[PDB]
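Number of protein chains: 2
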Amino acid sequence: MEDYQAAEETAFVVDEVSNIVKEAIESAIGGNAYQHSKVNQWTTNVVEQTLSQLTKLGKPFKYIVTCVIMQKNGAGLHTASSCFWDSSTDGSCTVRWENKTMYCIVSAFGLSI
Amino acid sequence: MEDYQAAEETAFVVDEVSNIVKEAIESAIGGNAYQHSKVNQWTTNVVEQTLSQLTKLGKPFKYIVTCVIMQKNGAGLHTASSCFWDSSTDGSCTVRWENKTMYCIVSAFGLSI
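Residue numbers (the working numbering), protein chains in the order written: chain U, 1259 to 1371; chain B, 1259 to 1371.
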């Protein structure tokens, strides 16, 4: 029982990362519409909140967070991520959020130290 | 002198990864115009070529490759990333490529094992 608890403590749980990413996106973006001059601040705030929460987790992981904001004007969006790590300890979580005007794709990667 | 060569061998060279990514983008994409049906193939080929070359480098790095391909239709693009590793060993390299019709941003992250 103790070993499973320790493994869960040291594991990269995708659900909590996705929750953190959703909370950061909503806090920084929320109901706000797409504005080109403010995409800089929005991406910065989302990534900073996500990395702060991931560090607050206390898990022995190096974290890499990437955020993409795109305007809804008919343009096509495709994000793909293929990597090379140890699948037993490192993880990734891609969260797609969208409102009436804007796509926000945030990919978080946690690699064991 | 030997220590410097060993460090350079084990270091995440930004320029080498940038050249690898540019080569992958040119090989997979080249001068082709934007086609939504080909974006999946282009992204997959770019990422796999980048990963293959980075693994052929022989450096003890876990590699993360993310590719974004979007049509040019007047919408402004921003891709942002902020992370948490040991800055002395792990590195990142983002390459922005564009033609008449499409933007393509590829971010590669090499983390020491």
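The beta carbon of each residue, even a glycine, is placed where N, CA and C say it ideally should be.
Taken atom to atom, the span from the alpha-carbon of residue 1353 of chain B to that of residue 1311 of chain U is near 28 Å. With respect to chain U, the C-beta atom of residue 1301 of chain B has a partner C-beta closer than 9 Å.
Using a 10 angstroms sphere on the CB of residue 1328 of chain B, the tally of other CB atoms reaches 16 or more, which defines it as buried. Per DSSP, the unbroken alpha helix (DSSP H) holding residue 1308 of chain U starts and ends at 1297-1314. Below the 7 Å Cβ cutoff, chain U contributes no neighbours of residue 1355 of chain B, its closest Cβ being approximately 15 Å away.
With a threshold of 9 Å between beta carbons, residue 1351 of chain U makes no contact with chain B.
For residue 1339 of chain U, the pairing in a beta bridge is given by DSSP as B:1324. With a cut-off of 8 Å on Cβ pairs, the stretch 1274-1288 of chain B is not in contact with the stretch 1337-1351 of chain U, counting fewer than three such pairs.
At least 9 Å separates the beta-carbon of residue 1326 of chain U from that of residue 1294 of chain B.
Residue 1308 of chain B sits close to residue 1364 of chain B, with the two beta carbons spaced by under 9 Å. For residue 1287 of chain U, the closest Cβ of chain B is not nearer than 9 Å.
Under the criterion of beta carbons closer than 8 Å, residue 1341 of chain U and residue 1287 of chain B do not qualify as touching, at roughly 20 Å. Secondary structure of residue 1371 of chain U (DSSP, three-state): coil. Non-local C-beta neighbours of residue 1359 of chain U in its own chain, meaning closer than 8 Å and more than five positions away in sequence, comprise 1291, 1292, 1329, 1330, ordered along the chain. Residue 1365 of chain U sits in a strand when the DSSP states are folded into three classes. When beta bridges are read from the DSSP output, residue 1353 of chain U appears opposite U:1364. DSSP places residue 1280 of chain U in the uninterrupted alpha helix (DSSP H) bounded by 1272-1286. With 16 or more other CB atoms across the displayed protein chains lying within 10 angstroms of its CB, residue 1283 of chain U is buried. Here residue 1324 of chain B is buried, its C-beta having at least 16 other C-beta atoms within 10 Å. DSSP places residue 1329 of chain U within a strand segment (E or B) once states are collapsed to three.
Residues of the stretch 1305-1318 of chain B with a C-beta atom less than 8 Å from some C-beta of chain U are 1305, 1306, 1309, 1312, 1313, listed in chain order.
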